[PDB]
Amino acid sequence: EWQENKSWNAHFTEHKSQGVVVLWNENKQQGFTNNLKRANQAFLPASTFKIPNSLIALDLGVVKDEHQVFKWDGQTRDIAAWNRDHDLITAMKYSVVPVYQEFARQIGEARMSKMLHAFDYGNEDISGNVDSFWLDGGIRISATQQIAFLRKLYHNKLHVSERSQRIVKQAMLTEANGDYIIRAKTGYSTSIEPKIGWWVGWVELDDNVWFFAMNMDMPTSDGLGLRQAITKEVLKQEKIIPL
């Protein structure tokens, strides 16, 4: 069952923004959103694709473990954090596109397509370059479809090893304290209009888990911090996380 909560629009309006927040209460099996139409609108996943890409790379043995070093290729790029060696944890933390591009080339088109079909991920279409389809290719996913996929990963129900699903949930670790744990992934789609920002994941509490998926219009990179800020405003309103 899906419910609309238009009061969340105050959080978009106050941050001079436009977008959608989708929440799922695991215990109650009830979904909530400020906009049912935008919740079901499909977009490029951008770097949120690092979640299924990590799972495939791990199950195939392209990535041995979360410690394996993928050395810098020597090419200087715009993001200074990419111009160094990384493992799965830091490549995920710093959204290191060149590391994941290399994984995709090693996975190859045939295995990427067929394995992504097993996850029923979005439109299941990998059209375009094997190493850029999630940034400028044919793949599309909605915020409600991000929740559907994330719930399977939470329960180890994706058709991949339990081990790979545990490593990826560890690599997704964003924040933790004595009140809650956040496992999530950011995304930033710039190649095809509309330019959007993503934040997808979940909040683990003592007696419940709240799944979330958000996307917002992102005309300039100076609004990137609003992906987390707007989501945290909604979570605080719903008393999911403290003030």
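For every residue, the number given is its place in the sequence shown, counted from 1.
Between 81 to 89 and 148 to 156, the higher mean Cα B-factor belongs to 81 to 89.
Mean CA temperature factor is higher for 27 to 35 when stretches 27 to 35 and 44 to 52 are set side by side in the entry.
Residue-level inspection of the entry shows that, of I126, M115, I141, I167, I126 has the top Cα B-factor. In the PDB entry, a CA B factor belonging to the lowest third of its chain's modelled residues is recorded for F119.
Among all modelled residues in this chain, the alpha-carbon of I192 has a temperature factor (C-alpha) in the highest third.
Sort the chain's modelled residues by C-alpha temperature factor and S161 lands in the lowest third, per the entry. When the modelled residues of the chain are ordered by their C-alpha B factor, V96 lands in the middle third. The PDB entry assigns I107 a C-alpha temperature factor belonging to the middle third of its chain's modelled residues.
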